[PDB]
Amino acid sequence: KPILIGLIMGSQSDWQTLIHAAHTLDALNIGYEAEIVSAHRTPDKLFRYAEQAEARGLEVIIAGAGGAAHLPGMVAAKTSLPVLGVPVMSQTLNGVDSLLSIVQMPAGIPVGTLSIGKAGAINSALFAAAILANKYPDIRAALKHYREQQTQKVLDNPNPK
């Protein structure tokens, strides 16, 4: 598969969250690469990664970070590719710091932000798929099948007891 998504994160611990994005992309048969890129510990690598993403064929970036989360916004500052932000749960503030430091970008440089935590990692993969589905009919077919199946599963299990 062509590698269409860069799935990046500030630290190894963030992988416990963003692995769920990767699992969802695998389920949809969408090619991706997963890489640790730290805004704070590898700032020059962040610039290289963002600068070269478009030329390497990436079309969507999913960036996860926690706390004072600067990785998604700084990548969006350095590439015009759409950047999705996953707020990682933080130990002290339950990802509220993560959420506000990702979603509240001032006008001019956007980051499309998903839910705090695992839900947001899964939804970042589903949202990247929706973006790619406008271009790639096989991805659109895969996404619609995913949504149809998830709908049918709830319909066929209506009783909580």
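In this text, residue numbers run from 1 along the sequence as written.
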104 to 112 versus 28 to 36 - which carries the larger mean C-alpha B factor in the record
28 to 36
Given the B-factors recorded for C-alpha atoms, which segment has the greater mean, 37 to 45 or 89 to 97?
89 to 97
Ranked by Cα temperature factor within the chain, is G57 in the lowest third, the middle third or the highest third?
highest
What third of its chain, lowest, middle or highest, does the C-alpha temperature factor of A121 fall into?
lowest
Going by what the PDB entry lists, where does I131 fall on CA B-factor within its chain: lowest, middle or highest third?
highest
Cα B factor band for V154 (lowest, middle or highest third within the chain):
lowest
